[PDB]
Amino acid sequence: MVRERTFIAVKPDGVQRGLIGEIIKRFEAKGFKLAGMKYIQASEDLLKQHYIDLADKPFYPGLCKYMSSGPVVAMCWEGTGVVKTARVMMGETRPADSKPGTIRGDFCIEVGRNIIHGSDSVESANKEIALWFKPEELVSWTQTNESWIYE
Amino acid sequence: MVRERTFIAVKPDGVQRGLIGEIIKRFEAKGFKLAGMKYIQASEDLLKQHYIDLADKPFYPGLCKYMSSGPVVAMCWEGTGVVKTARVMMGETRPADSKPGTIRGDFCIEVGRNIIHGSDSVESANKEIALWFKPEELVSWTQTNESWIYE
Amino acid sequence: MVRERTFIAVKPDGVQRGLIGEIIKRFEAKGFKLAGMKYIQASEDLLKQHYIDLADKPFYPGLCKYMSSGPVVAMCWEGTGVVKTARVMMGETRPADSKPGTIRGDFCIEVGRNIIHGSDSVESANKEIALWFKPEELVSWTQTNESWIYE
Ligand SMILES: Nc1ncnc2c1ncn2[C@H]1C[C@H](O)[C@@H](COP(=O)(O)OP(=O)(O)O)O1
Ligand SMILES: Nc1ncnc2c1ncn2[C@H]1C[C@H](O)[C@@H](COP(=O)(O)OP(=O)(O)O)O1
Ligand SMILES: Nc1ncnc2c1ncn2[C@H]1C[C@H](O)[C@@H](COP(=O)(O)OP(=O)(O)O)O1
Ligand SMILES: [Mg+2]
Ligand SMILES: [Mg+2]
Ligand SMILES: [Mg+2]
């Protein structure tokens, strides 16, 4: 059975600071299922589309070039309420506003270096997933512990 | 030398997902003293009594069967304000409402699979402990680091 | 280049309970920079000054001798908003009011045994750092991952 999916990316500061495993570990631990993962240095043009709603923000151009300046881990995670719950796990947009226990709360300080991205809605998630993954790159499989995560 | 006591159980999903040590470790780190522990697959009826106050809820009979379907770690933990603090450490009834940093927040998703139980009051704690433990099974001992936990 | 600094101390219960590495590790993970560290058993007189604004509290005299009864780790940490953020990472003054994920939240129970100290303002931090460290003992240096922590 297919459940809600979200797009999660480890940003270049996340890769650079050796936080990839730690982030993935947190999601496995939570009980969510990895459905897609790739490792790329995406194009400025891809990122511009990824962040289209902020295109008019002053930090937008720096943001888009920066997010394309190095490799990122692109992920798709699956599970009930994974979009909003992933956000909670991340913390807030600004690390300064993120609680200890969250990923941004434990590991970073500034809004422009906040190591992780997550879709903010099912609508954004469906678009971001389609943007970063070809349908074939999404793997359908059954986690055997599923019966201990879901009634 | 005797302090407040609460009943904590690692539920069958907690056991299945290999979270026993992780749960106990959090209680040791916090500074609480272990007073009783056993490992059983309890009878459906023991669970019916454990959750007697929920007998009229629609999820109750299923709850009781699930909670008796596999082994659980039954514990009694001791220390100042341990009943309510354990609740804080667990999170909310619903993992969806539990914060990162809490046990349900970090490890589970669904209300019916929330890996851990904790007494909600001293009075419930007194009843749950007597139900799961024989008086002889509660161990009286002194943790020597106590003087660094308690003024 | 030069950022805000705060004074953090591992208190005698922290040292005694073997939590020094855990605490330091939490600050390294967050991205803050160590500028100073020493390990001393300070004088009652130094502590009376350290806590001078609390001079009228009934717990003040007990506090100053306890904080001088054993070795503490004295530290200076540097980074954007490190005064307030360090406080957040600690939790609240009372471990009872501190959330899971914070240092007091994960590790302590009583207000008098809350293992860590942190300056409550840039002003107090400037005084406490100056109280505990000689200008020569403060290290000014550049962490090479700094460019992934700060725009
Ligand atoms: N005020 C700001 N100044 C500089 N960079 C910012 C910024 N706000 C956001 N950025 C960066 C960091 C964010 O991860 C990225 C996307 O912003 P967002 O979508 O509004 O928040 P979020 O990443 O939590 O979804 O833009
Ligand atoms: N709406 C619900 N649907 C399915 N199972 C539920 C449920 N609400 C509670 N359960 C289960 C999970 C709870 O841990 C267990 C005990 O109920 P409770 O006493 O109200 O909560 P708690 O475990 O927080 O003390 O009952
Ligand atoms: N009511 C109280 N009873 C006993 N000890 C207390 C106390 N309040 C504070 N202490 C101790 C623990 C505190 O960390 C220390 C300093 O007090 P504080 O400056 O008011 O708060 P904080 O340590 O959070 O900056 O004094
Ligand atoms: Mg967004
Ligand atoms: Mg209950
Ligand atoms: Mg103070």
# chains A, B, ... in the order shown; residues from 1 in each chain; ligands from 1
>>> interface_residues(of="chain A", to="chain C", cutoff="8 Å", atoms="only C-alpha atoms", output="VMD selection string")
chain A and resid 13 16 to 17 96 99 to 101 105 to 110 112 to 113
>>> residues_near_ligand(ligand="ligand 3", cutoff="8 Å", atoms="only C-alpha atoms and all ligand atoms", output="MDAnalysis selection string")
chainID C and resid 51 54 59:60 63 87 92:94 111:114 116:120
>>> closest_residue(among="C:37, C:72, C:2, C:64", to="residue 52 of chain C", atoms="only C-alpha atoms")
C:64
>>> atom_distance(atom1="atom CA of residue 61 of chain C", atom2="atom CA of residue 130 of chain C")
22.4 Å
>>> select_by_dssp(residues="segment 8-103 of chain C", states="strand (DSSP E)", output="VMD selection string")
chain C and resid 8 to 10 33 to 40 72 to 78
>>> write_last_selection(atoms="N, CA, C and O atoms", output="PDB file, in the first residue's frame")
ATOM      1  N   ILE C   8      30.042  29.340  29.515  1.00  0.00           N
ATOM      2  CA  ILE C   8      29.341  28.084  29.816  1.00  0.00           C
ATOM      3  C   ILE C   8      30.198  27.332  30.812  1.00  0.00           C
ATOM      4  O   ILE C   8      31.391  27.187  30.594  1.00  0.00           O
ATOM      5  N   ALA C   9      29.604  26.797  31.871  1.00  0.00           N
ATOM      6  CA  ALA C   9      30.374  25.986  32.798  1.00  0.00           C
ATOM      7  C   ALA C   9      29.723  24.626  33.028  1.00  0.00           C
ATOM      8  O   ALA C   9      28.502  24.517  33.221  1.00  0.00           O
ATOM      9  N   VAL C  10      30.535  23.583  33.021  1.00  0.00           N
ATOM     10  CA  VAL C  10      30.033  22.306  33.472  1.00  0.00           C
ATOM     11  C   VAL C  10      30.155  22.278  34.994  1.00  0.00           C
ATOM     12  O   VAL C  10      31.253  22.373  35.525  1.00  0.00           O
ATOM     13  N   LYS C  33      31.874  27.836  18.232  1.00  0.00           N
ATOM     14  CA  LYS C  33      33.337  27.748  18.290  1.00  0.00           C
ATOM     15  C   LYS C  33      33.871  27.884  19.712  1.00  0.00           C
ATOM     16  O   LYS C  33      33.499  28.829  20.410  1.00  0.00           O
ATOM     17  N   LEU C  34      34.735  26.955  20.130  1.00  0.00           N
ATOM     18  CA  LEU C  34      35.366  27.048  21.439  1.00  0.00           C
ATOM     19  C   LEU C  34      36.464  28.109  21.418  1.00  0.00           C
ATOM     20  O   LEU C  34      37.403  28.016  20.640  1.00  0.00           O
ATOM     21  N   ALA C  35      36.377  29.081  22.329  1.00  0.00           N
ATOM     22  CA  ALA C  35      37.372  30.159  22.402  1.00  0.00           C
ATOM     23  C   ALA C  35      38.182  30.058  23.672  1.00  0.00           C
ATOM     24  O   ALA C  35      39.210  30.731  23.812  1.00  0.00           O
ATOM     25  N   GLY C  36      37.643  29.363  24.665  1.00  0.00           N
ATOM     26  CA  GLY C  36      38.384  29.179  25.898  1.00  0.00           C
ATOM     27  C   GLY C  36      37.945  27.998  26.724  1.00  0.00           C
ATOM     28  O   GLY C  36      36.763  27.670  26.722  1.00  0.00           O
ATOM     29  N   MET C  37      38.880  27.326  27.394  1.00  0.00           N
ATOM     30  CA  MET C  37      38.479  26.265  28.317  1.00  0.00           C
ATOM     31  C   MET C  37      39.538  26.031  29.374  1.00  0.00           C
ATOM     32  O   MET C  37      40.730  25.945  29.064  1.00  0.00           O
ATOM     33  N   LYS C  38      39.106  25.919  30.623  1.00  0.00           N
ATOM     34  CA  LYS C  38      40.006  25.541  31.703  1.00  0.00           C
ATOM     35  C   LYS C  38      39.232  24.686  32.699  1.00  0.00           C
ATOM     36  O   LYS C  38      37.999  24.663  32.707  1.00  0.00           O
ATOM     37  N   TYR C  39      39.978  23.991  33.546  1.00  0.00           N
ATOM     38  CA  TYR C  39      39.438  23.020  34.475  1.00  0.00           C
ATOM     39  C   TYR C  39      40.007  23.348  35.818  1.00  0.00           C
ATOM     40  O   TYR C  39      41.202  23.144  36.062  1.00  0.00           O
ATOM     41  N   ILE C  40      39.149  23.838  36.698  1.00  0.00           N
ATOM     42  CA  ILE C  40      39.580  24.321  38.008  1.00  0.00           C
ATOM     43  C   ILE C  40      38.563  24.013  39.089  1.00  0.00           C
ATOM     44  O   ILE C  40      37.397  23.756  38.816  1.00  0.00           O
ATOM     45  N   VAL C  72      35.183  22.317  38.131  1.00  0.00           N
ATOM     46  CA  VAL C  72      34.246  22.643  37.074  1.00  0.00           C
ATOM     47  C   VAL C  72      34.984  22.841  35.760  1.00  0.00           C
ATOM     48  O   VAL C  72      36.186  23.106  35.733  1.00  0.00           O
ATOM     49  N   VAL C  73      34.291  22.643  34.658  1.00  0.00           N
ATOM     50  CA  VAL C  73      34.875  22.991  33.386  1.00  0.00           C
ATOM     51  C   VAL C  73      34.377  24.396  33.006  1.00  0.00           C
ATOM     52  O   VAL C  73      33.184  24.589  32.771  1.00  0.00           O
ATOM     53  N   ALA C  74      35.294  25.357  32.952  1.00  0.00           N
ATOM     54  CA  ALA C  74      34.998  26.726  32.540  1.00  0.00           C
ATOM     55  C   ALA C  74      35.257  26.842  31.046  1.00  0.00           C
ATOM     56  O   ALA C  74      36.316  26.410  30.560  1.00  0.00           O
ATOM     57  N   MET C  75      34.272  27.345  30.313  1.00  0.00           N
ATOM     58  CA  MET C  75      34.354  27.490  28.864  1.00  0.00           C
ATOM     59  C   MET C  75      33.892  28.839  28.325  1.00  0.00           C
ATOM     60  O   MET C  75      33.061  29.528  28.936  1.00  0.00           O
ATOM     61  N   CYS C  76      34.460  29.224  27.181  1.00  0.00           N
ATOM     62  CA  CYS C  76      33.926  30.355  26.436  1.00  0.00           C
ATOM     63  C   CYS C  76      33.588  29.901  25.017  1.00  0.00           C
ATOM     64  O   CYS C  76      34.441  29.365  24.315  1.00  0.00           O
ATOM     65  N   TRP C  77      32.328  30.059  24.621  1.00  0.00           N
ATOM     66  CA  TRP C  77      31.867  29.658  23.287  1.00  0.00           C
ATOM     67  C   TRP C  77      31.464  30.857  22.424  1.00  0.00           C
ATOM     68  O   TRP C  77      30.966  31.836  22.933  1.00  0.00           O
ATOM     69  N   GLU C  78      31.689  30.777  21.117  1.00  0.00           N
ATOM     70  CA  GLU C  78      31.524  31.938  20.246  1.00  0.00           C
ATOM     71  C   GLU C  78      30.608  31.631  19.058  1.00  0.00           C
ATOM     72  O   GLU C  78      30.659  30.552  18.510  1.00  0.00           O
TER      73      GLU C  78
END
>>> residues_around(residues="residue 129 of chain C", least_positions_apart="3", cutoff="7 Å", atoms="only C-alpha atoms", output="VMD selection string")
chain C and resid 7 76 125 to 126 132 to 133
>>> select_by_dssp(residues="segment 10-106 of chain B", states="alpha helix (DSSP H)", output="ChimeraX atom specification")
/B:12-16,20-30,44-50,60-66,82-90,103-106
>>> closest_residue(among="B:5, B:65, B:57, B:11", to="residue 128 of chain B", atoms="only C-alpha atoms")
B:5
>>> atom_distance(atom1="atom CA of residue 25 of chain C", atom2="atom 22 (P, counted along the ligand's line) of ligand 1")
26.8 Å
>>> atom_distance(atom1="atom CA of residue 58 of chain A", atom2="atom CA of residue 95 of chain A")
19.6 Å
>>> closest_residue(among="A:21, A:3, A:42, A:56", to="ligand 1", atoms="only C-alpha atoms and all ligand atoms")
A:56
>>> closest_residue(among="B:44, B:131, B:23, B:4", to="residue 70 of chain B", atoms="only C-alpha atoms")
B:44
